[PDB]
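This document opens with one chain alone, in structure tokens, the form deposited in one PDB entry.
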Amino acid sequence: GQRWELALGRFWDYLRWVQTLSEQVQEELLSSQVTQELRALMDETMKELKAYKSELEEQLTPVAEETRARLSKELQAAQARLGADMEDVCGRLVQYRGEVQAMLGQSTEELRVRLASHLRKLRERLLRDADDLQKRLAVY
């Protein structure tokens, strides 16, 4: 129930809504509304995660400078993986917007099927990285 978790939770729900590709989603996907909203959610998540890590560093068990230095950097990488997953989702939503324009009015039904299957794999990856990031944070 950490703050960074609730923020990731909002990003996650929003993305679970995009995954439906309902009428309102498609509408917002052709504008930049979805990627903007996701970008805000993301930024909030990263901010909170950074501040949480900073606080956690206040009550740490002391270890060899090396293991500590190693732990910190493993943590830093897990955080970067999360950010990068989020950007890859938005990137994919950008591509979809362009591919639609590229069709010039033709049916996008097949574009949508393909976007949903890819989006699903990108989300699977994001969830994997968030779970890992949560495990590293817990055993700090």
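Note that residue numbering begins at 1 and tracks the sequence as displayed.
One more form of this protein exists, namely the form deposited with a small molecule bound; it is left out here, but the text below deals with it.
When contacts are judged by a 4.5 Å heavy atom cut-off, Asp131 counts as touching the small molecule in the deposited bound form. Remark: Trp17 does not count among the residues lining the small molecule in the deposited bound form, judged by a heavy atom distance of 4.5 Å or less.
In the deposited bound form, no heavy atom of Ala116 sits within 4.5 Å of the small molecule. Taking the partner from elsewhere, every residue among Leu8, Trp12 and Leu127 has a non-hydrogen atom within 4.5 angstroms of the small molecule in the deposited bound form.
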